[PDB]
Structures are given as structure tokens and as C-alpha cells.
Ligand SMILES: OC[C@H]1O[C@H](O[C@H]2[C@H](O)[C@@H](O)[C@@H](O[C@H]3[C@H](O)[C@@H](O)[C@@H](O)O[C@@H]3CO)O[C@@H]2CO)[C@H](O)[C@@H](O)[C@@H]1O
Ligand SMILES: OC[C@H]1O[C@H](O[C@H]2[C@H](O)[C@@H](O)[C@@H](O[C@H]3[C@H](O)[C@@H](O)[C@@H](O)O[C@@H]3CO)O[C@@H]2CO)[C@H](O)[C@@H](O)[C@@H]1O
Ligand SMILES: OC[C@H]1O[C@H](O)[C@H](O)[C@@H](O)[C@@H]1O
Ligand SMILES: OC[C@H]1O[C@H](O)[C@H](O)[C@@H](O)[C@@H]1O
Ligand SMILES: OC[C@H]1O[C@H](O)[C@H](O)[C@@H](O)[C@@H]1O
């Protein structure tokens, strides 16, 4: 079937739903069937024959092979799915860690930094590369990106099963008030959080995956399991895309920025030569359990150097930037700024004025950051 | 040094009393370190009209600060400030730091002509995002920030792009925050929202 | 009787190359649709020679195009070219390569593995090789010692995953075939060959085309 879909229908890859079920053995190997009398059905295998056949197939071996490494029987194999150094995986640990860090949770700075580097603690030991990790924050199942910052708990009463459906541990935060009717501060915080999730997705090592509608803030009303709804709750709203075109612009610009940077879509895990970790002061990251700030600088063959910082704390901070003699940091991305200044491009006639208005901070190697916000700066000669 | 001169002028122009400054201090007259130039007919003791043109930014700041003092009702007090009108703030509103390690002094004052005036001096070597007093129905509006490059160190209606400059810090102002450099000062006015 | 190759360029565009055999030479029609990225016209630098055959508006100006012809009785070969806009800038595939197309041999199919006869009469060859990154087909006629014909396979057109493949209009005048992998000139016997020749010891055998 897979070979037919690749050769006849010209499909480029496959994502396998509950792929861990494809690791469970069959009853043919029960010692009753083989040897006639006394391993059993449903036991996970180290080298499942089906995954061996897919990985080393002449055709299927060279297509994308993404795996949802778990099932409803209690088997969870993220980082351990029999891969042959070929299979990718839906990194659910990335999802959990990023959801927990970006929402202001203690003890996730180190895990978040590992996520930003392609999860080397999961994929490097086994012989796989950072891009074998499919990083994602939201998918079809679970909260949308907008619901992830609007609701604390699921609202699945419309599914009919007494709100018994979907993940109960969403790791979500309503950013203050719950529901779509909140104050202005909560709404601005939600915009910041959506942009922060997208920035984290688009600066991490790995493959960024996002669900349709997350580019403009699609909402399912808090329903995190809409498998049985043929109405607009699951439709792409092209009329609502225009209303929230600012978020769509930011996401498009972030994707383009990832494409341009040479040091974001890396073929190998970042090394200390290229990537340096900072805190509120350069070279002094805070890895403690109380830390809620993660910053780094990456050498770039096209951008020279890029400095990225995430401030998931509830407090603003004037973060000092690395000292590069003969150089200056030029602002590019700040999720706290009002649109279109959340992302600065040459299509803004007053970009130079906007940079000049913060030049007095950037000249002393400083940047003022709001709470729950991220920044990206580029090292320009000066 | 420019920031510190502006800080001295702001301190002079926002205090109860009568401000006074020697001639040339409005443009940064320098005597070459001579503390006691009392026996010189040299240019060292002369107002330099060719230099107050070059340093027109500081002179403009001084003139604008003098006019701001003139306009404010709360700065030309005929009697000492009363705690009803004058409130003291720190890095967070309502919590002044009077400790021996403190190097930050901020206050807010009711002004029957302008609304409310918030003044802050950050004399420490570290920046600070200071929270502004919570005033429902109103928002603080940048007026003076000695760290800003000229002419934005003192915003005025004569600037064609004052609205743009305020909008570019609106995201900080909406949260009742202001980021200050080290050794700086700011003045804000409470305007209706 | 034609074969299309749709190369994705590196400046967000498409280049369609249609190769049609003549009833003897070959006709290669290059067509650039779209606009913007080619604003100002472009020239088909075939191997960067002093030629270049500037593309002229072929369809309503939207589809720019050029046409090349190649002499008959020529053995299978490869037309490699670049496109240069009207400013000197070059245009390359999305793999940063020069657009290369086969002439005399079709793309082929990855299945069945081995040698197959299609309804038209074209002979399909398919061989699996993951280790190799360069595969060529040798065709030997009745005695031969050295290949009567050699056809190198383009790793981008003549390959689906790890299955090298190539189709031929006909094999008339040829009696056996072999595969060269990696770059070592030693012929190899097709694992899936159903008919094979006589062993010859270095060791040598050829799959029969009958
Ligand atoms: O976390 C305590 C810390 O921060 C507080 O601010 C916010 C937290 O930073 C933020 O994480 C959020 O807490 C929510 C959790 O993220 C999430 O699990 C959720 O579903 O419930 C929590 C809130 O109900 O919100 C808090 C503020 O409500 C707080 O301001 C600090 O004083 C404190 O140190
Ligand atoms: O700089 C290259 C380096 O980057 C990454 O290493 C960082 C980790 O991602 C990050 O978690 C953190 O690790 C520290 C722990 O958080 C902390 O608990 C403590 O015990 O020390 C750890 C390291 O000293 O910081 C490191 C870099 O310091 C990436 O994972 C590496 O593969 C890469 O080499
Ligand atoms: O079984 C534990 C795991 O099961 C699931 O696959 C969930 O996606 C994940 O969040 C959870 O931790
Ligand atoms: O994350 C996806 C969720 O739904 C799935 O079908 C899995 O069975 C469950 O473990 C998981 O929590
Ligand atoms: O109870 C049915 C449940 O089955 C699955 O494991 C899904 O993860 C969950 O979303 C669904 O509601």
C-alpha cells in the first residue's frame, strides 16, 4: 500500500498514526504455534519486522517516515521508536516542555534549551539528527494555538460523551481570565504568547510542524477533541484570517527568517563553537529550577550572528547583550511590540526611525523586554 | 555625561525652591577643569555664543525644562509639599526604597493644571523597568527621558513624529511600565485614555 | 512519443523540458511559465557555450520558451543547461545544479525489479542499490567484449528512492545487458534476471535481453 501511494500517487512521505502498535508482535510467534508447545501477542519488539521492512525497503526507505510513537494501550516510545537511523517522530516531549516553559512554569529552562537544540538527549545517542525530531506545539488533536492561550481546561460537552474526551493534561494557560471575553491586557498577553510559541517553533533545531489555522489564531471554543464535527469549528476561516492578518504576517515573516538563517535548519546538533548560552547577562545562563529565562547567540554564515531570548517570567527585564567590539545589535523581532513592529522589515518606511528610537538602549548593549516575550536581534557591523 | 547634565537640570527644575545656574551651564560651558577661574580674562571665563549653537540640543532641553517648570502648578509651590498631593514611588509604585543602598528616587504629584506628573531618577549603574502608578481611566504619556537621543529627550508638539515616538513605547506604557537606562531620569504626564 | 521533465528552480519557478523523438533526431522544448523571477527575459545557456538560444514569448508572453534539435543516430546523451536572465544572473535547479535531461532514454519505472517489456515495446530496467550513488547500464550486442552501448543514469531522474531505473525505446541489435555501480567499470549481473549468459572467470556474466 505504501509503495502504491509513493509510485502511483507521487506522495513524498507518511505520518503513521499510533505507530507504536506497529511494534507489537503477533501471535504467530507464541510458542504454541511455533514448536507446537511451550513472546506473546501484543508484546513490543526491539526490531519489529514491519518497521524493518519499511525502513529498508528500496522505495520507502528514502521517503519521510514520521511516527506517532505511542498508542492507547499504554505504550510510549518517544526517542525509542525502532528507527534504523531513518524514522522521524512526533516529538511530544518537545510539545510538553515548550508548553510548560512558555506558560511560566518552574524547572523547564534546561529542558527548553534542550528542545531548542533538537532534543540531543533523545536522538543524538541513537544516531539520529536534529531534523528527525518533528517539533510541534499544537496538532489536530488537542488545543489549537489560540485555545492554548485562552482555556485552562477542555470543553468537550459537544462531543456528547459527558466531556470525557481528549487530553486532560493540556499544560495550557488562559493568560489570566478564561474565555474569549477578557480585558485588553489579557488579549495583548495572548497575542504575545501566540507569537512566542511560533518563535520558539521557528528557532528550534528540527522540523517545525503546525496545524492549519494556527497562523491566524483559529479557535475551536475550548474543544480539544473535534473529531465528530462537520461545521465551521473545524473549517479554515478565510474571513477570520483577514481580521487577524497581523499574526499571519508575523508567522510568514518568522518562516522566511528561519529559511534565511543558515544556523536554524542545521543538519547536525548545535555545538558550543556556534551556540552560546546567556542569561540576563551574557555568558551566565540560569539553569536553576526558578529560572524562566533562556537566551542564546548563534553564529550565522548569512546573518553574521543572531541573538534569541525568551523571557517566560512575569517580570520585565533589561537584558544585556553580548559584547562584540566593532559591532551593534539591530532589532529584528520583538513579540511585545505592536504590529507591524513585532517584526521589522524593509517594507516599513519608518524602520530606521523605529530602530533609532531604541538606539539608546542598543548602544549600551541592552534590550528592555516585557514579561512573557521573546526577542531576536542580528549583529550588524558598526 | 550628556545624560548626567540633563539629570542635573531635571533635578534643578523639579524641586521646590528657586533654581539657579551659572551662565553657560545651559549649553555645557567648560573651563578645562579649572575649579576657581577668578583671575582670567581669557575665553575660559567667556560665554561662547559659537559653542551654544553647536550644543543646541542641551540648550533646547534646558529651555523646555524651564518652560515645563513654568507651566506646572505643582512645581512652583508657595508652601512645602503636602503628602496628599506628593506620593513617593520606587521600582514599583507605592514602595519607595529609603535604604542606604537605594539609588532610585521617584514621585508622583497632582497638578491642578496638567493632571498628574510622574518624575523618576535612576542614579544607579543598572537599568530598570519601573512600574508606574495604577490610574484607571488614564495612561502615562512620555514627556522627558534624558537617555533618549535629541530631540526626543524632551517630546513637544513641534516634533512632526511625536505620536510615532509615543506609539513605539506604547507596549511598555500600556502595562504601566517604563524602561530606564542607568544614571537617567524621566518625566511623564497622566492623560485621559 | 514524448517525455516531460518538470524541474523546480531555485528562484521559485518551474522549467518544463519536453523531449520528443523524431520519426530520427530529437526535439527538446524548454518552457518557463510564470513571471516576476524572470522579469526581463532569459537565455538558455546550453553548457554555457557561446550559443544560448534566447527564449522568445511562446504562449501569450506568460509561457516563455525555446526549442533545440539534436542529430539522429546519436547514442543516448544528456542535455545540461542553465538559464540566465537579462542581467547576467544565473538560474539553477532547487538542488543548485544545471538543468540536465536525458535524450534517447526515458525515465523508466521502479517496478518490477529487473528487466520488463512494456505494452509499447519499450524495455524497462530497474535495479536496487543503496550503497551506489552512480549507476550505468551496459548493453552488449552479438559477438561483445566491451559494451556496445553505455547509458549513465541521472541520480535525480533515473532514481526512485534507492531503485535506479531507465526505459529504452527498443533494444534491437542488443543481446545482453549489465549494470555498473559506484563507478567501477566491472559489469554486474542483474539479481532479478530470469535469463543469464555463460559464466566467464575476474568473473563476468550478463543477463540476456531475450
Ligand atoms: O507561577 C507562579 C508565579 O507566576 C505567577 O504568574 C502566573 C504564572 O507565571 C503562570 O504560569 C500562570 O499559572 C498558571 C499555570 O501556568 C497553568 O498551569 C494554569 O492552568 O494555572 C496557573 C494559573 O491559574 O498564571 C500565574 C498568575 O495567575 C505569579 O504572578 C507570580 O507571583 C508567581 O511567582
Ligand atoms: O552549547 C552547546 C550545547 O547546548 C546544549 O547544552 C545546554 C543544555 O541544552 C542546557 O539544558 C544546559 O544544560 C545544563 C543543565 O540545564 C543544568 O541543569 C546543569 O546541570 O548543567 C547543564 C550543562 O552544564 O546548558 C547546556 C550548555 O551549558 C545542548 O544540549 C548540547 O548538546 C550542546 O553541546
Ligand atoms: O502515556 C504518557 C503520554 O501519553 C501520550 O502519548 C501523551 O501524548 C503524553 O502527553 C503523555 O505523557
Ligand atoms: O496525544 C494524543 C493522545 O491521543 C492518542 O490517541 C493516544 O492514545 C493518547 O495516549 C494521547 O494522549
Ligand atoms: O475515550 C476516547 C479517547 O481515546 C483516545 O485515547 C484519545 O486520545 C482521546 O482523545 C479520546 O477521547
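Using the numbering of Swiss-Prot, the residues shown for chain A are 416-453, 459-802, in order.
For this deposited structure, the header notes the method as electron microscopy, 2.7 Å.
Heads up, the Cβ atoms here are built off N, Cα and C, so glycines get one too.
Feature annotations, reproduced from Swiss-Prot:
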- A:432: active site, nucleophile (ACT_SITE)
- A:488: active site, proton donor (ACT_SITE)
- A:561: site 'Transition state stabilizer' (SITE)
Self-check item: Fewest other C-beta atoms within 10 angstroms, as judged across A:432, A:488, A:561, which are the recorded positions
Solution: A:432
Quiz item: Near ligand 4, which of the recorded positions A:432, A:488, A:561 are found, taking a Cβ distance under 6 A to any of its atoms?
Solution: A:561
Practice problem: Could you state the whole-number distance in Å separating the C-alpha atoms of residue A:561 (site 'Transition state stabilizer') and residue A:488 (active site, proton donor)? | Solution: 12
